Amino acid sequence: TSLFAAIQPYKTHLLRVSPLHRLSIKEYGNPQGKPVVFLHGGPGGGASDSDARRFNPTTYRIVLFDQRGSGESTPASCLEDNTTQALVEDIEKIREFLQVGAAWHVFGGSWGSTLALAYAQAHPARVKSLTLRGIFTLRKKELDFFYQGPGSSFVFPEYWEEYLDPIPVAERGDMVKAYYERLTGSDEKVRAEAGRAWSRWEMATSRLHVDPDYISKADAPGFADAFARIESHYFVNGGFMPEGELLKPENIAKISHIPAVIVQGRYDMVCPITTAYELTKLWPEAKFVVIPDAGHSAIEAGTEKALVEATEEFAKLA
């Protein structure tokens, strides 16, 4: 493995960011190292100790946190005031609170790359580098390809069937809305059932080979409820941005000078390579790394290796 040793944090924090929300923040590695912030995906997936393993513990001050309503951040599964703009501002609140300094490296995959791009475009001076994987910009066609069909539905038809099951046929015209309404409804069984099914779909389609250890995560109600509720919340709302906002030239120009690597699995069936590719066209300064036998996940062998190579190289930035 190209992963550094398993590692526990040297400090944990609880930072209030609104009268409602409270973010769990965990610092790993060298307190004197180069500051880097990890943005977990989902949205609503939360971070874990293992995500700290992609950064050299001697070189980096590694900052992990769980975005609103996810992981250990409170209140769990809370959809009130849980928007892209809020999350973007939260990263800034964390940056100052931890006194990391003026700028830091940023690391994100999937929804994490969405937040990274939104953050960098809103505060390009705060970003030393961008290590991006499984590019996701929440465009309609992106979400339709995965949640609506036809799309990934054709490559994983057996799981697609499972995913369609909780939704009456008449409502199948908008899967995300149909799920969101159940995930936010008053009936608890359906909300749990919908959380599991929604989550399972993604777990089952996240790697080249179907991983039963990935799939069983949907059977954890704690994870599945927040994961599904927050995902469906953002997705049904277009990530609270105009269509294609992140890919507009005027916005790409704000971050075109920021040292960057895009690492993308060729067979990513959650966030297909067309989005990443399109980004590379708008942003040729960025380094493009396609993994020919990897799906979506960061732990695909080739993706992981390239990711660590990115953090290693970016540590040379002054």
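One-based numbering along the sequence shown.
As recorded in the PDB entry, 209-217 is the stretch of 130-138 and 209-217 with the greater mean C-alpha temperature factor.
Ranked by Cα temperature factor within the chain, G45 sits in the middle third according to the deposited record.
Among the modelled residues of its chain, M203 has a C-alpha B-factor that falls in the highest third, as given in the PDB entry.
Annotation for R266: CA B-factor lies in the lowest third of the chain's modelled residues. When all modelled residues of the chain are sorted by CA temperature factor, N237 is found within the middle third. Ranked against the other modelled residues of its chain, the C-alpha B-factor of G101 as given in the entry falls in the highest third.
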